[PDB]
Ligand SMILES: CCCCCCCCCCCCCCCCCC(=O)OC[C@H](COP(=O)([O-])OCC[N+](C)(C)C)OC(=O)CCCCCCCCCCCCCCCCC
Ligand SMILES: CCCCCCCCCCCCCCCCCC(=O)OC[C@H](COP(=O)(O)OCCN)OC(=O)CCCCCCCCCCCCCCCCC
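Residue numbers (my numbering), protein chains in the order written: chain A, 35 to 189; chain B, 90 to 266; chain C, 13 to 99; chain D, 830 to 928; chain E, 6 to 611; chain F, 841 to 968.
Right under this line is the structure:
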């Protein structure tokens, strides 16, 4: 590998843009770099930001798990759009409708758990009644003191 | 879209691919076989109703709203064959697809366990390394200037010669090693 | 488990599916019976035949390979290539 | 339409070579040419000798040290007899019989 | 004493012996799976003796045998707690694992790495019994992370497949999110109580136990796949069917439930923790059972089934019934392992077909699998006096008759109806009707490994609830007085679920085509939760992992401020010093200005 | 009638629903045939080395080397300090440092003030 096949600075003159497009093995009409706001991209192409799962899975790929050919310019976040990771494939339900349905369902369920905590169910019974001063010594109460008498009656 | 030899998709190819995808997603919707068979004939009638449309702009528009019809009426979990991509057995055996060149890395005491196999392998290796320069000079005398337009490879235009770039298609591993 | 496929077996199963298809008479049919030129079948009929092949042998043929299978012998040979028969 | 005759001839030749390869993947009957190479032994080697070892370890190295094996004291009922002492636990009060 | 502790440790050392056998190998084994299966059969038989003599007296003990590490006041010893929880869960796990491995001797028979598979599966069993026999939080953390890592290695078994590696890393991710709360709990108990041992935790008995119990609930949410940390258990069906059958039905997935059951003296005095557990378990058992209604992969349906039953276990912890929850663990193990084994028999018989829309007509072609699948579904839904009756029905009898979050109760009963719905969905699309699988029938189930392995869990699913629930001692007081509409709640709601789903099943034979609604797409796309969160939360991390952290900070700005600005400063000062024109006139004029600034401006002569 | 699919960042528009797929013009056939030609030339240059019996090693991809050199070494020589980079480097650089400083300082001042008044239950806390 040599220097003028490595990525360089941001192309401004159209012959420099065409030389960059020849370097990354793509058409000048399809070569778009990241916009020069000074984030450190240079002449690197802004590939369209799609995942690798979206590719044709029956195509004879050079790298089958990557779904990526030889010499094809890799995406800047190619390690992010591997099929082990972020997939941007289209979904049957819309993204915003999915977010609204999930948010509304979770918020409604948490609301109704708070409602049921405010208004709990119970049984029509008295409290459970325990002997020996509501079990004073069994709950670790000290014997050198003396509690109040808890008295239960028959009914 | 993205094809190895074709540069695009014709209207006929788009219609056939939409027809197959509509039948597959319909079979996902219509689980039972008689019921799918009934609705598959109804969908075939819907595809046959606009088959004789010589106006290409009208036909492309009908294809477009039929794709909208499909994207509305698709199953959220369509049926996928197990070894098909997205299937439950897809690329399962790729960890068992050891490439053939690793057989060159074996110790001789484990190459001598299969003497007929490696004696039969060395003539494949010899055949490939004599075929290589003939198929290179076949490729450079048939490829146009500017490089190859398509990814289509030629066959062997003589007798005795092997097709160019044949080794990794022939010596690919089995699907069930 | 998993009995192996033979070219005789794949041929018998492909022609067996085509004999169960009402737009093909079983006596005109052979392994070279071209669908559009001999059997006179539609392209939609060819897509349905390849889908019947998929439902028969249990695997998916891609469409770029499906649209080139225009005779039973090419279908049998594609299933031979994708199942690696006659080892 | 389908294939072109170039594609037909190439895929036929690749099919022939692929079938020859898959045939040459087979095994000779002499292959693999190998180099020249008690009924309840499982209950003895995996059970009885480990019970011996672990009982030796627990009896003469674990219980010889304090608080290494701490057992819950046994549940005592009215009417029991203590083995160490012989003290009979007295029974309960007579029940206010309910049914 | 000398018999109990001996066979207790002989069970564990007996399990570790085939690991030494596979690590000290030179030859190709004469059926190492038969060796490991015989080992686990004998370990089950060995563990039944301390179980019998715990049924006899109630004999619990602790073997703190090996002093490992004293961090100044924390004495970490190798300590084994043989109580009711160990004495019941160890033989159930060994029995289930013995059935799973006799299944695995058939299901994984073509695998050339079958000895590695049985090695990994035995290592999972060893780490799980390290988890459930642990007496301090460190050894329980060893077993915890051990079953997490063996879950990783057994999900990603076919490691060339991208989705298996993805689901395994997903399962690790959700488990480590639970491990945040587990290590929070260990931190709280060490700092406030100077212990990780269970005995000092239970004897000190803190009242400010909000934070450690929140940590333990987060740990159980990670491990048992409760809501928020649920989707890895459906994703974990990518591994082989014995992996989804042992680890992901019965044994590993109850470890969070078992962790909260183990800390029952702390949850019995924290009503806020009981409320959080009740709400989270009811949310999970509603959501996963609702998602199960529209799935078509059979292993996904049974995975949502077992996560719904784990949510029911979290419910019955949350109503202060930890022993009923542990009884439901020991009950649920048998029939849920059997349901996964029957589904794997169907999958192997249909040439690795897992979708129920390519099934049907399997009532008569697979008679033993059909019989055991129907027995498993009836045990799951709570047919009377099968094994799932002897815990789950009682759970409802304590869920109704308690001071309960009423919305949690109503969603628990809706989930109870949903269990019957997905059970008859399995029976309808798999066993009933006419075939949908392809034309080369290789349906066969005549292996004695398969028959005996489903047969022993079949005897378990018929009798084990009765046997265990009549062998356990009473640990609470069972509520046995309630009105007749309340005693008949679970059975009537289950029967109504069956009837409504019979209507659902018979509307599938109709010759009408319907468009999918938003309830259907909400249930079929997993509550939209793996679609959003597995696209969004990686994105906002990984861009931030590259654009912010890698590129902007540690390739540019932290590189800009210290070395680059100083380097450019030294370059510029070097060029200002050395830009002299070699003219003697200018050097002596500089010397004159030096002398003048020295005298008049700096006063270096005064 | 039908809800139009709205593409998002993490859910793109399908190929079947995009209007620019249905361009039947000449210049799109030009661009697609030229992309096919570039891709076929790259494929040929790959598999003339991939199928070579004499080659034993790594087919070096200039795309991969170029990708790693862009991701690592070309970042600083094409950095320009300006308004956006300064605001993002001070927003994501020292913002969290200030945030965690004030959170942990507030928590420890509250804790120390509770401890030296005898309020925080530090009864069995003898490991630290
Ligand atoms: C096949 C080999 C087996 C042995 C064959 C030959 C012997 C035949 C049978 C006789 C048994 C051997 C003689 C008796 C055994 C030794 C007795 C003895 O006193 O030994 C001294 C001691 C007993 O403990 P100790 O308390 O006396 O000494 C510890 C040392 N101090 C006090 C300084 C801290 O050591 C051992 O016995 C070591 C055995 C360890 C077994 C378990 C290992 C587990 C490994 C996990 C590592 C990480 C754990 C982290 C978590 C821990 C918990 C939080
Ligand atoms: C009692 C309280 C209960 C509270 C419950 C809720 C608490 C947690 C809240 C939500 C946080 C967890 C969920 C979000 C992250 C999930 C990440 C994940 O699992 O991604 C899976 C994804 C692939 O998934 P999928 O597309 O389904 O794969 C099949 C086909 N490829 O895989 C990938 O895309 C690969 C991703 C690799 C890099 C991961 C980047 C994200 C890391 C997130 C860290 C979160 C830390 C949280 C800390 C919490 C502290 C309390």
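Idealized CB from N, CA, C, for every residue including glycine.
So with CB distances below 8 Å, who are the chain A contacts of residue i?
i, result
"residue 76 (chain C)", "92"
"residue 91 (chain B)", "89, 90 and 93"
Quick one: does the C-beta of residue i sit closer than 7 Å to a heavy atom of ligand 2?
i, result
"residue 546 (chain E)", "yes"
"residue 121 (chain A)", "yes"
"residue 555 (chain E)", "no"
"residue 233 (chain E)", "yes"
"residue 178 (chain E)", "yes"
"residue 175 (chain E)", "yes"
"residue 289 (chain E)", "no"
"residue 223 (chain E)", "yes"
"residue 172 (chain E)", "yes"
Could you tell me the alpha carbon to alpha carbon distance between residue i and residue j, rounded to whole angstroms?
i, j, result
"residue 67 (chain C)", "residue 519 (chain E)", "24 Å"
"residue 90 (chain A)", "residue 101 (chain B)", "19 Å"
"residue 41 (chain C)", "residue 51 (chain C)", "8 Å"
"residue 202 (chain B)", "residue 859 (chain D)", "10 Å"
"residue 181 (chain E)", "residue 227 (chain E)", "7 Å"
"residue 136 (chain B)", "residue 387 (chain E)", "49 Å"
"residue 129 (chain A)", "residue 381 (chain E)", "38 Å"
"residue 418 (chain E)", "residue 503 (chain E)", "14 Å"
"residue 525 (chain E)", "residue 301 (chain E)", "13 Å"
"residue 134 (chain B)", "residue 98 (chain A)", "39 Å"
Taking 7 Å as the cut-off, is the beta-carbon of residue i closer than that to any non-hydrogen atom of ligand 1?
i, result
"residue 73 (chain E)", "yes"
"residue 11 (chain E)", "no"
"residue 890 (chain D)", "yes"
"residue 967 (chain F)", "no"
"residue 91 (chain E)", "no"
With a 10 Å radius around its C-beta and 16 neighbouring C-beta atoms as the bar for buried, classify residue i as buried or exposed.
i, result
"residue 127 (chain A)", "buried"
"residue 65 (chain A)", "buried"
"residue 936 (chain F)", "exposed"
"residue 172 (chain B)", "buried"
"residue 341 (chain E)", "buried"
"residue 602 (chain E)", "exposed"
Would you mind telling me which residues of chain F sit closer than 7 Å to residue i, beta carbon to beta carbon, in chain order?
i, result
"residue 40 (chain A)", "906 and 909"
"residue 236 (chain B)", "877, 880, 881 and 884"
Residue i touches chain D at which residues, Cβ-Cβ below 8 Å?
i, result
"residue 92 (chain E)", "By Cβ distance, chain D contributes nothing, its closest Cβ being about 12 Å from residue 92 (chain E), past 8 Å."
What residues from chain C crowd round residue i, counting only those whose CB sits closer than 9 Å?
i, result
"residue 299 (chain E)", "Per Cβ cutoff of 9 Å: no residues; residue 299 (chain E) is ~23 Å from chain C at best."
List, in order along the chain, the chain B residues whose C-beta lies closer than 8 Å to that of residue i?
i, result
"residue 902 (chain F)", "Neighbours of residue 902 (chain F) on chain B: none; closest Cβ ~16 Å, over 8 Å."
Which residues of chain F have a Cβ atom closer than 8 Å to the Cβ of residue i, listed in chain order?
i, result
"residue 122 (chain A)", "849, 850, 851 and 852"
For a contact defined as C-beta to C-beta under 8 Å, what are the partners of residue i on chain E?
i, result
"residue 67 (chain C)", "443"
Report the neighbours of residue i on chain B: residues whose CB is nearer than 7 Å to its CB, in chain order.
i, result
"residue 126 (chain A)", "163 and 165"
Along chain B, which residues have their Cβ under 9 Å away from the Cβ of residue i?
i, result
"residue 521 (chain E)", "118, 162, 163, 164 and 165"
Who are the neighbours of residue i on chain C, taking C-beta pairs under 7 Å?
i, result
"residue 476 (chain E)", "The premise fails here: residue 476 (chain E) is roughly 41 Å from chain C at the closest Cβ pair, so nothing lies under 7 Å."
So residue i contacts chain D; which residues on that side make the cut at Cβ distance below 7 Å?
i, result
"residue 65 (chain E)", "901"
List, in order along the chain, the chain E residues whose C-beta lies closer than 9 Å to that of residue i?
i, result
"residue 149 (chain A)", "411 and 412"
If the cut is a Cβ gap below 8 Å, which residues of chain C does residue i touch?
i, result
"residue 136 (chain B)", "56"
- request: May I have a chain-ordered list of the alpha helix (DSSP H) segments no shorter than 4 residues that lie completely inside the stretch 349 to 418 of chain E?
  value: 367 to 370, 372 to 386 and 399 to 405
- request: Pick out the complete beta strand (DSSP E) segments inside the stretch 58 to 129 of chain E, 3 residues or longer, and give them in chain order.
  value: 66 to 76 and 79 to 87
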